[PDB]
Amino acid sequence: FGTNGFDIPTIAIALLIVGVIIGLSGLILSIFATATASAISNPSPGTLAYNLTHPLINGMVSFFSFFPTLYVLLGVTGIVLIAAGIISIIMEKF
Amino acid sequence: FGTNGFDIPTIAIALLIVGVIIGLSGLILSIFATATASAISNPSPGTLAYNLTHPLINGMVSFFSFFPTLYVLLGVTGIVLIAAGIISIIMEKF
Amino acid sequence: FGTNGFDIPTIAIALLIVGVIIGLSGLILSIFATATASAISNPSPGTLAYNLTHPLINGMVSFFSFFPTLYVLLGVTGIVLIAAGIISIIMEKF
Amino acid sequence: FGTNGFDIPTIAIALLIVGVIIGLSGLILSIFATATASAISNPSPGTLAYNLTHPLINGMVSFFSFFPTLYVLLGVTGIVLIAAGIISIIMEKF
Amino acid sequence: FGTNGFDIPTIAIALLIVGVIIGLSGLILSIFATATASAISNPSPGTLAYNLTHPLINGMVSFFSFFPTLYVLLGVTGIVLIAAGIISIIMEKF
Amino acid sequence: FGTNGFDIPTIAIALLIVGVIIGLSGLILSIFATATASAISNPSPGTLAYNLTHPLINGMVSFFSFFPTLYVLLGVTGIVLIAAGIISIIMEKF
Amino acid sequence: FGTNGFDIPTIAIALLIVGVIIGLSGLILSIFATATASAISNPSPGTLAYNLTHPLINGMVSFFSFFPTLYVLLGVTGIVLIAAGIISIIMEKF
């Protein structure tokens with residue numbers, strides 16, 4: 001059901017795959033982050049360990065704050081692909 | 001699901017991998033730094049050991065303060081990659 | 001996840017390695033310097049042993065004072081590397 | 001849908017491409033500039049570091065102030081192109 | 001989208017590249033200059049080291065004061081390029 | 001982004017390189033000069049060692065006083081280069 | 001019941017095995033630790049035996065405090081394995 005490489009069943013399957021992969025990734029990262037939160041303690045506000053450890057958790061927080069827009073762009077990609085498929089169909093189907 | 005090398009499943013998997021690696025690194029570095037903090041003591045403000053040891057901990061603090069921006073740039077890289085993928089799709093999908 | 005040799009997982013791993021190596025070095029040097037401080041005594045201000053020993057500890061102090069800027073430059077190197085990676089991606093990803 | 005090289009679908013596609021590229025560029029530059037702002041500190045008004053650093057940020061500000069008119073001219077270019085297309089159509093369509 | 005070598009997407013990409021390069025350069029130079037400021041001390045106003053060191057920092061200050069106009073001219077170059085493109089389009093598009 | 005050999009990215013990169021090289025040179029020379037100042041002593045105003053040593057430090061002072069104008073001219077060179085680039089663009093872009 | 005090496009019966013059996021092994025390990029370690037606690041006495045707070053023995057029990061306590069996160073990660077591993085199995089099934093079952 002298509003013209004050259006655009007196959008609606010294939011597209012649906014690909015959507016299934018990406019959705020399940022994203023769900024699994026979120027699950028694993030959340031479960032792991034819980035363990036991370038449990039492991040690290042809060043030594044004191046101003047001792048040696050604080051100086052040694054604070055920037056690491058800051059970098060953690062920053063990167064994980066960067067995740068959302070990555071996911072949003074990844075989602076946007078699919079609309080572009082489906083649109084290109086539609087246009088390619090229309091171009092030479094007539 | 002892609003054109004040449006841009007594969008949304010592959011991208012999601014790569015994001016999973018980098019996220020877990022960063023979490024593990026933060027965990028290990030924090031755990032190790034706790035041990036470092038425990039090991040070194042504070043001899044005295046002005047004796048021989050102070051002169052011998054202070055610059056080392058200063059270098060420690062400096063490098064670990066450099067970590068955050070490294071992480072931020074590493075995060076920025078992914079948006080660039082996804083954008084390049086989008087543009088490459090658009091260029092020859094039509 | 002990259003183009004030619006720029007791999008975000010590889011970069012994260014390298015950061016892990018350098019961080020742990022630097023932590024270990026600081027630990028070992030501090031522990032050793034404590035023993036050095038314990039071993040050497042203070043004979044007298046003006047006797048033979050003072051003349052014989054003072055310049056050595058002066059050189060010790062100087063070199064260890066040189067360490068911090070070495071560490072700072074070592075930290076700066078990584079930002080340069082990540083930046084070069086970003087630019088290399090941008091150049092031919094489009 | 002055209003005469004020689006003027007194709008309305010092609011023009012619409014080109015507009016899509018330039019719009020998305022400009023959006024992505026703005027996004028990346030803003031995100032990067034946030035990190036730049038975070039990294040650099042304000043040492044003091046009159047010390048060595050101030051003398052060493054102030055002109056750099058001045059050049060930054062100047063160039064980024066030059067961006068707007070560049071964008072405006074880039075926008076103006078498209079009206080010229082479409083107009084040339086219209087005139088070329090009219091010249092030999094009759 | 002152009003006539004011979006003037007491509008609006010290419011121009012936007014080039015602007016992206018130059019902007020990011022300039023941002024990175026400013027970042028690196030500021031970070032490095034902070035370390036320079038930390039390293040050098042102020043011995044005394046009139047001793048040997050002062051005579052030996054003062055002209056070097058004077059040259060530093062001078063060159064870094066020369067940077068701004070370099071950046072301004074670099075910015076001016078792009079307006080010239082875009083203008084030449086516009087005129088080249090107009091000349092033979094009609 | 002240029003015509004024959006004038007490339008704005010290349011120019012920005014070259015500016016980065018020269019700036020960092022100059023910073024490093026200043027750093028190294030200052031650090032070395034501190035050691036020089038520490039090493040040489042002041043024997044007496046009129047003894048043999050004074051006659052033997054004074055002209056050397058005089059030559060040191062003179063050459064280091066010559067550095068500043070060298071740096072200023074080196075800075076001036078870049079404005080000339082950028083100007084030549086602008087004129088070369090204008091000459092045959094129209 | 002599978003495709004290449006993913007067998008649900010085999011997975012269930014493996015879960016059985018790991019669960020029983022972990023239970024047995026906990027049992028044995030608890031029983032042994034009870035005997036350890038019985039054997040060692042508390043000589044005095046400040047005598048020779050205290051200096052000789054205290055760090056050993058401190059190391060005991062530390063390592064056994066490290067056990068929990070080891071177990072948590074070991075548990076996390078299985079979710080990853082099952083997820084990889086699911087994705088591998090989906091990839092080529094269609």
# chains A, B, ... in the order shown; residues from 1 in each chain; ligands from 1

$ interface_residues --of "chain B" --to "chain D" --cutoff "10 Å" --atoms "only C-alpha atoms" --output "number ranges by chain"
B: 66, 68-69, 72-73, 76-77, 79-80, 83-84, 86-87, 90-91, 94

$ write_last_selection --atoms "N, CA and C atoms" --output "mmCIF file, in the first residue's frame"
data_model
loop_
_atom_site.group_PDB
_atom_site.id
_atom_site.type_symbol
_atom_site.label_atom_id
_atom_site.label_comp_id
_atom_site.auth_asym_id
_atom_site.auth_seq_id
_atom_site.Cartn_x
_atom_site.Cartn_y
_atom_site.Cartn_z
ATOM 1 N N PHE B 66 34.802 23.183 36.887
ATOM 2 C CA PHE B 66 34.756 23.228 35.429
ATOM 3 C C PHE B 66 33.784 22.219 34.839
ATOM 4 N N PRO B 68 30.527 21.569 35.203
ATOM 5 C CA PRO B 68 29.161 21.919 34.768
ATOM 6 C C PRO B 68 29.048 22.399 33.331
ATOM 7 N N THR B 69 29.907 23.324 32.909
ATOM 8 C CA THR B 69 29.793 23.838 31.552
ATOM 9 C C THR B 69 30.109 22.766 30.521
ATOM 10 N N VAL B 72 26.913 21.026 30.084
ATOM 11 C CA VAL B 72 25.940 21.838 29.362
ATOM 12 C C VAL B 72 26.208 21.781 27.864
ATOM 13 N N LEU B 73 27.474 21.928 27.472
ATOM 14 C CA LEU B 73 27.821 21.838 26.055
ATOM 15 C C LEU B 73 27.497 20.462 25.496
ATOM 16 N N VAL B 76 24.000 20.449 24.690
ATOM 17 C CA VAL B 76 23.683 21.270 23.525
ATOM 18 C C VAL B 76 23.953 20.512 22.236
ATOM 19 N N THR B 77 24.943 19.620 22.246
ATOM 20 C CA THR B 77 25.322 18.923 21.014
ATOM 21 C C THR B 77 24.146 18.166 20.388
ATOM 22 N N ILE B 79 20.877 18.740 20.351
ATOM 23 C CA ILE B 79 19.934 19.572 19.616
ATOM 24 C C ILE B 79 20.471 19.862 18.226
ATOM 25 N N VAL B 80 21.773 20.130 18.129
ATOM 26 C CA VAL B 80 22.395 20.361 16.831
ATOM 27 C C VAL B 80 22.238 19.136 15.950
ATOM 28 N N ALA B 83 18.641 18.703 14.758
ATOM 29 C CA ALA B 83 18.324 19.734 13.781
ATOM 30 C C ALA B 83 18.915 19.404 12.421
ATOM 31 N N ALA B 84 20.177 18.979 12.403
ATOM 32 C CA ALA B 84 20.800 18.593 11.146
ATOM 33 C C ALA B 84 20.026 17.463 10.495
ATOM 34 N N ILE B 86 16.789 16.892 10.789
ATOM 35 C CA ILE B 86 15.543 17.436 10.253
ATOM 36 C C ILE B 86 15.798 18.107 8.913
ATOM 37 N N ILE B 87 16.845 18.929 8.854
ATOM 38 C CA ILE B 87 17.136 19.669 7.631
ATOM 39 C C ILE B 87 17.506 18.713 6.508
ATOM 40 N N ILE B 90 14.374 17.253 5.118
ATOM 41 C CA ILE B 90 13.587 18.189 4.324
ATOM 42 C C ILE B 90 14.230 18.429 2.968
ATOM 43 N N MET B 91 15.561 18.429 2.908
ATOM 44 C CA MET B 91 16.240 18.851 1.687
ATOM 45 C C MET B 91 15.852 17.987 0.493
ATOM 46 N N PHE B 94 11.576 16.175 -0.601
ATOM 47 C CA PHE B 94 10.721 16.793 -1.605
ATOM 48 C C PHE B 94 11.432 16.863 -2.950
#

$ residues_around --residues "residue 52 in chain E" --least-positions-apart "4" --cutoff "8 Å" --atoms "only C-alpha atoms" --output "NGL selection string"
(:E and (48)) or (:F and (33 or 37 or 60-61 or 64))

$ select_by_dssp --residues "chain B" --states "helix (DSSP H, G or I)" --output "number ranges by chain"
B: 8-39, 48-93

$ residues_around --residues "residue 55 in chain E" --least-positions-apart "2" --cutoff "8 Å" --atoms "only C-alpha atoms" --output "ChimeraX atom specification"
/E:51-53,57-59 /F:64-65,67-68

$ atom_distance --atom1 "CA of residue 93 in chain F" --atom2 "CA of residue 7 in chain F"
14.5 Å

$ residues_around --residues "residue 6 in chain C" --least-positions-apart "2" --cutoff "9 Å" --atoms "only C-alpha atoms" --output "number ranges by chain"
C: 1-4, 8, 10-11, 82, 85-86, 88-89

$ write_last_selection --atoms "N, CA, C and O atoms" --output "compact mmCIF listing (two decimals), in the first residue's frame"
# COMPACT_ATOMS: atom_id res chain seq x y z
N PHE C 1 26.38 7.56 17.58
CA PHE C 1 25.81 8.90 17.67
C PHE C 1 26.87 9.97 17.42
O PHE C 1 27.44 10.53 18.35
N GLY C 2 27.11 10.22 16.14
CA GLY C 2 28.13 11.17 15.75
C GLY C 2 28.29 11.17 14.25
O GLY C 2 27.46 10.63 13.52
N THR C 3 29.38 11.78 13.78
CA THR C 3 29.66 11.83 12.35
C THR C 3 30.91 11.05 11.96
O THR C 3 30.81 10.10 11.17
N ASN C 4 32.08 11.40 12.48
CA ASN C 4 33.31 10.68 12.14
C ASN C 4 34.00 10.09 13.36
O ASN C 4 34.24 8.88 13.41
N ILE C 8 29.25 11.21 21.53
CA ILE C 8 28.85 11.71 22.84
C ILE C 8 29.05 10.67 23.94
O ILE C 8 29.57 11.02 25.01
N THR C 10 31.30 8.35 24.02
CA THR C 10 32.75 8.30 24.22
C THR C 10 33.23 9.51 25.01
O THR C 10 34.10 9.39 25.88
N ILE C 11 32.66 10.68 24.73
CA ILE C 11 33.06 11.88 25.45
C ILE C 11 32.70 11.76 26.92
O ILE C 11 33.50 12.10 27.81
N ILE C 82 35.28 19.92 23.01
CA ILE C 82 33.84 19.81 22.75
C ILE C 82 33.42 20.85 21.72
O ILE C 82 32.58 20.58 20.85
N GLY C 85 34.33 19.72 18.33
CA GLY C 85 33.36 18.73 17.90
C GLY C 85 32.09 19.36 17.38
O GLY C 85 31.57 18.96 16.33
N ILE C 86 31.57 20.36 18.09
CA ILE C 86 30.33 21.01 17.67
C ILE C 86 30.51 21.63 16.29
O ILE C 86 29.66 21.47 15.40
N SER C 88 32.71 20.93 13.97
CA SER C 88 32.89 19.90 12.95
C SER C 88 31.55 19.28 12.57
O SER C 88 31.32 18.98 11.40
N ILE C 89 30.67 19.09 13.55
CA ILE C 89 29.33 18.59 13.23
C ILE C 89 28.62 19.57 12.31
O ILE C 89 28.09 19.20 11.25

$ decode --residues "range 39-86 of chain E" --atoms "N, CA and C atoms" --output "compact mmCIF listing (two decimals), in the first residue's frame"
# COMPACT_ATOMS: atom_id res chain seq x y z
N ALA E 39 47.10 33.86 37.81
CA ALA E 39 48.48 33.40 37.90
C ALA E 39 49.43 34.52 38.28
N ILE E 40 49.40 35.63 37.53
CA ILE E 40 50.36 36.70 37.75
C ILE E 40 50.01 37.46 39.01
N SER E 41 51.02 37.81 39.80
CA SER E 41 50.86 38.58 41.02
C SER E 41 51.39 40.00 40.82
N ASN E 42 51.27 40.81 41.87
CA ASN E 42 51.75 42.19 41.86
C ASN E 42 52.92 42.31 42.82
N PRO E 43 54.16 42.22 42.35
CA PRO E 43 55.30 42.14 43.27
C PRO E 43 55.49 43.38 44.13
N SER E 44 55.70 44.52 43.48
CA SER E 44 55.93 45.78 44.17
C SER E 44 56.05 46.90 43.14
N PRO E 45 55.72 48.13 43.49
CA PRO E 45 55.88 49.25 42.55
C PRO E 45 57.28 49.84 42.58
N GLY E 46 58.22 49.17 41.92
CA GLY E 46 59.55 49.73 41.79
C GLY E 46 60.69 48.75 41.94
N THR E 47 60.38 47.49 42.22
CA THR E 47 61.42 46.48 42.37
C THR E 47 61.82 45.93 41.00
N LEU E 48 62.68 44.91 41.02
CA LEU E 48 63.15 44.33 39.77
C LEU E 48 62.02 43.67 39.00
N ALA E 49 61.22 42.85 39.68
CA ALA E 49 60.17 42.11 38.98
C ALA E 49 59.18 43.05 38.32
N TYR E 50 58.93 44.21 38.92
CA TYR E 50 58.03 45.17 38.30
C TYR E 50 58.57 45.64 36.97
N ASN E 51 59.85 46.05 36.95
CA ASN E 51 60.48 46.45 35.70
C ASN E 51 60.43 45.31 34.69
N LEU E 52 60.59 44.08 35.16
CA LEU E 52 60.66 42.94 34.26
C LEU E 52 59.30 42.58 33.67
N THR E 53 58.22 42.85 34.40
CA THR E 53 56.91 42.32 34.03
C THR E 53 55.92 43.35 33.50
N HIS E 54 56.02 44.61 33.91
CA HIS E 54 54.98 45.58 33.57
C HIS E 54 54.72 45.72 32.07
N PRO E 55 55.73 45.85 31.21
CA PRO E 55 55.42 46.05 29.78
C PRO E 55 54.65 44.90 29.16
N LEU E 56 54.84 43.68 29.66
CA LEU E 56 54.12 42.54 29.11
C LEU E 56 52.62 42.70 29.31
N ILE E 57 52.21 43.02 30.54
CA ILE E 57 50.79 43.21 30.79
C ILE E 57 50.28 44.43 30.04
N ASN E 58 51.14 45.43 29.82
CA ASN E 58 50.70 46.56 29.02
C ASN E 58 50.39 46.13 27.59
N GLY E 59 51.24 45.29 27.01
CA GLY E 59 50.96 44.79 25.67
C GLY E 59 49.71 43.95 25.62
N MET E 60 49.50 43.12 26.64
CA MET E 60 48.26 42.37 26.76
C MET E 60 47.05 43.29 26.67
N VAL E 61 47.04 44.31 27.54
CA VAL E 61 45.91 45.23 27.59
C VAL E 61 45.70 45.89 26.24
N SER E 62 46.79 46.31 25.59
CA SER E 62 46.66 47.00 24.31
C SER E 62 46.01 46.10 23.26
N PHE E 63 46.56 44.90 23.07
CA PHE E 63 46.00 44.02 22.04
C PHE E 63 44.53 43.72 22.31
N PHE E 64 44.20 43.43 23.56
CA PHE E 64 42.81 43.10 23.84
C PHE E 64 41.92 44.32 23.65
N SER E 65 42.47 45.52 23.80
CA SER E 65 41.71 46.70 23.44
C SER E 65 41.55 46.83 21.94
N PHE E 66 42.46 46.23 21.17
CA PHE E 66 42.31 46.26 19.72
C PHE E 66 41.24 45.31 19.22
N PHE E 67 40.95 44.24 19.95
CA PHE E 67 39.91 43.30 19.52
C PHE E 67 38.59 43.95 19.07
N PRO E 68 37.98 44.88 19.83
CA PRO E 68 36.61 45.31 19.48
C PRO E 68 36.42 45.78 18.05
N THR E 69 37.31 46.64 17.55
CA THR E 69 37.13 47.14 16.20
C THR E 69 37.30 46.04 15.16
N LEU E 70 38.16 45.06 15.45
CA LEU E 70 38.25 43.89 14.59
C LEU E 70 36.90 43.21 14.47
N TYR E 71 36.24 43.00 15.61
CA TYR E 71 34.94 42.35 15.58
C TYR E 71 33.93 43.19 14.81
N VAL E 72 33.97 44.51 14.99
CA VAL E 72 33.01 45.37 14.32
C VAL E 72 33.16 45.28 12.81
N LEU E 73 34.40 45.33 12.33
CA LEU E 73 34.64 45.20 10.89
C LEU E 73 34.18 43.84 10.38
N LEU E 74 34.47 42.79 11.15
CA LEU E 74 34.03 41.47 10.75
C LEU E 74 32.52 41.43 10.59
N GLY E 75 31.81 42.10 11.49
CA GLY E 75 30.37 42.18 11.35
C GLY E 75 29.95 42.95 10.12
N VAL E 76 30.65 44.05 9.83
CA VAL E 76 30.30 44.88 8.68
C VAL E 76 30.42 44.09 7.38
N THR E 77 31.35 43.13 7.34
CA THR E 77 31.59 42.39 6.10
C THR E 77 30.33 41.71 5.57
N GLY E 78 29.50 41.18 6.47
CA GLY E 78 28.34 40.42 6.04
C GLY E 78 27.31 41.25 5.32
N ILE E 79 27.11 42.50 5.76
CA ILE E 79 26.17 43.38 5.08
C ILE E 79 26.62 43.61 3.65
N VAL E 80 27.93 43.79 3.45
CA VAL E 80 28.47 43.97 2.11
C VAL E 80 28.17 42.74 1.26
N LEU E 81 28.39 41.56 1.82
CA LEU E 81 28.16 40.34 1.05
C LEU E 81 26.70 40.20 0.64
N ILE E 82 25.78 40.43 1.58
CA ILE E 82 24.36 40.29 1.27
C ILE E 82 23.94 41.32 0.23
N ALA E 83 24.48 42.53 0.34
CA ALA E 83 24.16 43.57 -0.63
C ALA E 83 24.62 43.18 -2.02
N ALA E 84 25.85 42.67 -2.12
CA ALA E 84 26.35 42.23 -3.41
C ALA E 84 25.46 41.15 -3.99
N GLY E 85 24.99 40.24 -3.13
CA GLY E 85 24.07 39.22 -3.60
C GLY E 85 22.79 39.82 -4.16
N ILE E 86 22.23 40.80 -3.45
CA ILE E 86 20.98 41.41 -3.91
C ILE E 86 21.18 42.05 -5.28
